[PDB]
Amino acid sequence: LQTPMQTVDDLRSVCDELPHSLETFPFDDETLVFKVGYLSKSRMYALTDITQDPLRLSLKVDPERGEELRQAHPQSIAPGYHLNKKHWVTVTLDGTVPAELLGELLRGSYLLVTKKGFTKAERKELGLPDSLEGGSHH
């Protein structure tokens, strides 16, 4: 099922299922970074500072959709914190944005990165998928 998308454990649970995903802490702080790709070439798709409660989740979004999201949830979705605000938003994980939407945005950020950061040949070699399974049924 849908986790509540409110803890690091919730985020791990989603990212652990995504092919070639890797956790690191490349800063000096407690910023957990999820990257996708080869061990010699991996690209960030989600970040959160694990010492903050509630967590803040940064992720990549199509610019148009980021604009919509920020208008639909202005108190909970901000331009990406210390990130390229053309492509990143930061979502407060306090229960104010539906878990199912959050899950999909997290999977979406991963997909976008595989599309933008890797070529068709790369995605074939490594085996990065065109779409993701384990969408929930309605």
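Note that residue numbering begins at 1 and tracks the sequence as displayed.
The stretch 65-73 shows the higher mean C-alpha B-factor when 37-45 is compared against 65-73 in the entry.
Higher average CA B factor: 125-133, of the stretches 125-133 and 110-118. Compared with the other modelled residues of the chain, the Cα B-factor recorded for residue 99 ranks in the highest third.
When the modelled residues of the chain are ordered by their C-alpha B factor, residue 88 lands in the lowest third.
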